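Data first, discussion second: the structure below is written as structure tokens.
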Amino acid sequence: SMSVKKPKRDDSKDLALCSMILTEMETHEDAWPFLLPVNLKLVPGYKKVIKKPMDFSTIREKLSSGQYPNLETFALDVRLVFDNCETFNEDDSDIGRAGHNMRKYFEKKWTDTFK
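Quick note on numbering: the entry's author numbering labels position 10 of the sequence shown as 1865, and the sequence is numbered without any gaps.
See below:
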């Protein structure tokens, strides 16, 4: 509350560390469905169904341009990518499995880096 604060967590490295995590996601072999925005002209249903498209390249641009106020808003966009993927793709598909693998990969990096 006013003039009553928890001890100040050092957040000065968060930007760099989220960048490294994102690099590692970008270079994972199963990243291919998530590297670029889904092409809304060429993928019937996507525009109407997925209200908030997100992809790694869009996260990278947001990150590099100071559009994440904190590390939680960054994790929310990463998770959005996988939530979208689950919304549109059957679990038993290459893309569906890619999404599950990437989300696991992400969540471990996230825990190990920050928890």
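Ideal Cβ placement from N, Cα and C applies to all residues, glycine included.
Quick one: give me the first and last residue of the alpha helix (DSSP H) that residue i is part of.
i, result
"residue 1875", "1869–1882"
"residue 1914", "1911–1919"
In chain order, what residues of the same chain lie with their CB nearer than 7 Å to the CB of residue i, ignoring the 5 residues before and after it?
i, result
"residue 1941", "1954"
Classify residue i as helix, strand or coil using the three-state DSSP reduction.
i, result
"residue 1951", "helix"
"residue 1862", "coil"
"residue 1893", "coil"
"residue 1886", "coil"
Check the C-beta distance from residue i over to residue j and give it rounded, since I have them as a contact under 8 Å.
i, j, result
"residue 1961", "residue 1933", "6 Å"
"residue 1964", "residue 1876", "5 Å"
Kindly list the residues whose CB is nearer than 6 Å to the CB of residue i, restricted to its own chain and excluding five residues on each side of it in sequence; keep chain order.
i, result
"residue 1888", "1950 and 1953"
Give every residue of the same chain whose Cβ lies closer than 8 Å to the Cβ of residue i, excluding the five residues on either side of it in the sequence, and list them in chain order.
i, result
"residue 1918", "1870, 1873, 1874, 1877 and 1929"
Segment contact flag, the stretch 1856–1875 with the stretch 1891–1906, C-beta cutoff 8 Å, min 3 pairs: no
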